[PDB]
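S.K.: Right, I'll just put the structure down here and ask away after.
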Amino acid sequence: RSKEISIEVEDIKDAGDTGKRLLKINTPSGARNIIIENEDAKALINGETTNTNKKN
Amino acid sequence: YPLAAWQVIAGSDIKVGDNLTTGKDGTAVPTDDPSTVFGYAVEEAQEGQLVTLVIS
């Protein structure tokens with residue numbers, strides 16, 4: 001009868017929507033895409049800014 | 001012959017109702033960490049004594 005019963009993210013009944021997205025994410029870039037909504041701030045944190053991002 | 005209970009040598013002091021897991025050298029020891037639990041004692045045993053446990 002198995003040994004571990006590896007649950008999945010959606011089995012965690014009091015996890016939040018952003019919380020489940022973060023738990024599923026594999027890389028730091030993916031996490032930043034979830035967490036940072038302001039596109040100019042995200043661009044700064046990614047070290048990749050256009051002239052429009054810089055002005056903003 | 002699917003047994004509901006086993007007779008296993010105790011690796012340490014086991015009390016009645018204690019959840020058991022593997023210890024060193026195949027002996028049975030008390031545990032407080034679910035997933036390591038394979039059964040529980042219905043008998044009390046010192047150390048090196050056999051203890052009856054119900055598998056769960």
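FYI, nothing fancy with the structure tokens labels: chains A, B, ... in order, residues from 1 per chain, ligands from 1 as they appear.
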Please identify every residue of chain A that has at least one atom no more than 9 Å from any atom of chain B, counting only C-alpha atoms, and report them as an MDAnalysis selection string.

M.R.: chainID A and resid 3:5

S.K.: Save out the residues we just selected, C-alpha atoms, as a PDB file, in the first residue's frame.

M.R.:
ATOM      1  CA  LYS A   3       5.069   4.289   1.246  1.00  0.00           C
ATOM      2  CA  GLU A   4       4.575   8.036   0.492  1.00  0.00           C
ATOM      3  CA  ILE A   5       1.177   9.075  -1.096  1.00  0.00           C
TER       4      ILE A   5
END

S.K.: Need to verify the contact set: segment 17-30 of chain A, 10 Å, only C-alpha atoms, exclusion of same-chain residues closer than 3 positions in sequence. Can you return it as a PyMOL selection string?

M.R.: chain A and resi 8-10+12+14+33-35+42+45-46

S.K.: So what do you get for atom CA of residue 15 of chain A versus atom CA of residue 41 of chain A, distance-wise?

M.R.: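 Here the two named atoms are 26.5 Å from each other.
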
S.K.: Record the distance separating atom CA of residue 52 of chain B and atom CA of residue 33 of chain B, expressed in Å with one decimal.

M.R.: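 So the two atoms, atom CA of residue 52 of chain B and atom CA of residue 33 of chain B, lie 20.1 Å apart.
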
S.K.: Could you find all residues in segment 8-56 of chain A that DSSP calls helix (DSSP H, G or I) from the backbone, and write them as a ChimeraX atom specification?

M.R.: /A:9-11,17-24,28-35,39-45,51-55

S.K.: So what do you get for atom CA of residue 26 of chain B versus atom CA of residue 7 of chain A, distance-wise?

M.R.: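 Distance between the two atoms: 28.5 Å.
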
S.K.: Write out as a ChimeraX atom specification the residues lying within 8 Å of segment 51-55 of chain A, counting only C-alpha atoms and excluding same-chain residues fewer than 6 positions away.

M.R.: /A:39-40,43-44
